[PDB]
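The chain below stands alone, shown as structure tokens; this is the form deposited without glutathione (GSH).
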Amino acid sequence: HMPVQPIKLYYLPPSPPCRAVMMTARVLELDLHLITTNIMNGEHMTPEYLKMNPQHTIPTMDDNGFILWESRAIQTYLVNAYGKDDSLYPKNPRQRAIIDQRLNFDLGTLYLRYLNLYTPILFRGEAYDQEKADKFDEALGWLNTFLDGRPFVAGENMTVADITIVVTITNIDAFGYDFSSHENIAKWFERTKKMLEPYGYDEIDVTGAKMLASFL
């Protein structure tokens, strides 16, 4: 029901996928043994890291010999294995399917289009590309539609999909994106912040976003 030793997370504070894992673990009341892994120094490119994770990415979860990367795979695993209840990731096939769709939308659409826009600006010093911006804005339109009639992305209760998606929304809010016109997102964003507030939201998500904001 609980892990035998603190689960190690090879992370970096500003990293969005890392932030989603950290907040999820807080809701499940799991304490993570946080270990910093520098990208520029090539701490992920060591012979020890490559054997553990051949993709050399962050975050990398180490649950006592059980290695796992990809943030959304970690999020769901932690609920399935160490969740006291299934509220964040319900077993009901139809309810789980909607969450899985939102998790897939996040990785394959929303977060991808986030990286396509901001990564050249933050780390390469490139200009704000409007073609890439329109794609990301289209994704925000779709996310707004998913929240039509629902307090959360996958239904009535907060899920792991909410925790990962909100990281992107926290990032753009720190950059200077005014998404209040997307009224479903605006109300959801305030709702999900309140839900994650006693679970280290400022400590994890805001701090991480602010660190990325200093690159502008």
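Each residue number is its position in the shown sequence, starting from 1.
Between 151-159 and 172-180, name whichever shows the higher mean Cα B factor according to the PDB entry.
172-180 has the higher mean C-alpha B-factor.
**Request:** Between 42-50 and 187-195, name whichever shows the higher mean Cα B factor according to the PDB entry.
**Result:** Of 187-195 and 42-50, the stretch with the higher C-alpha B-factor average is 42-50.
query = Between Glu138, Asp106, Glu126, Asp100, where does the Cα B-factor run highest in the record?
reply = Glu126 has the highest C-alpha B-factor of those listed.
Maximum C-alpha temperature factor, selected from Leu112, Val79, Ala73, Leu122
That would be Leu122, according to the entry.
Sorting the chain's CA B-factors, does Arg94 end up in the lowest, middle or highest third? Its C-alpha B-factor belongs to the middle third of this chain's values.
Lowest, middle or highest third of the chain for the C-alpha temperature factor of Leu117? According to the entry, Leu117 has a C-alpha B-factor in the chain's middle third.
Inset, instruction - Check where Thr164 lands among this chain's C-alpha B-factors and tell me if it's the lowest, middle or highest third. - result: Its C-alpha B-factor belongs to the lowest third of this chain's values.
State the tercile, meaning the lowest, middle or highest third, of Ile58 with respect to the CA B-factors recorded for its chain. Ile58: CA B-factor falls in the middle third of its chain.
CA B-factor ranking of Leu68, expressed as a third of its chain:
Within its chain, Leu68 is a lowest-third residue by C-alpha B-factor, going by the deposited values.
What comes next is about the form deposited with glutathione (GSH) bound, which does not appear here.
Q: Open or blocked, can you tell me? Superimpose the site C-alphas, put glutathione (GSH) where it sits in the deposited complex, and call it blocked only if 3 or more of its atoms are within 2.4 Å of a backbone or C-beta atom.
A: Open.
Would glutathione (GSH) in the deposited complex be within 4.5 angstroms of a non-hydrogen atom of every residue among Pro17, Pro59 and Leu107?
Yes: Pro17, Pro59 and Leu107 each sit within 4.5 Å of glutathione (GSH) in the deposited complex.
| field | Stretch in contact in the deposited complex with glutathione (GSH), which is absent here, among 174-182, 50-58, 28-36, 145-153 (heavy atoms within 4.5 Å) | value | Within 4.5 Å of the partner lies stretch 50-58.
Whether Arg102 contacts glutathione (GSH) in the deposited complex should be assessed with a 4.5 Å heavy atom distance threshold; does it? Heavy-atom contact with glutathione (GSH) at 4.5 Å: absent for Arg102.
4.5 angstroms heavy atom contact with glutathione (GSH) in the deposited complex for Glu70: Judged by the heavy-atom cut-off of 4.5 Å, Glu70 is in contact with glutathione (GSH) in the deposited complex.
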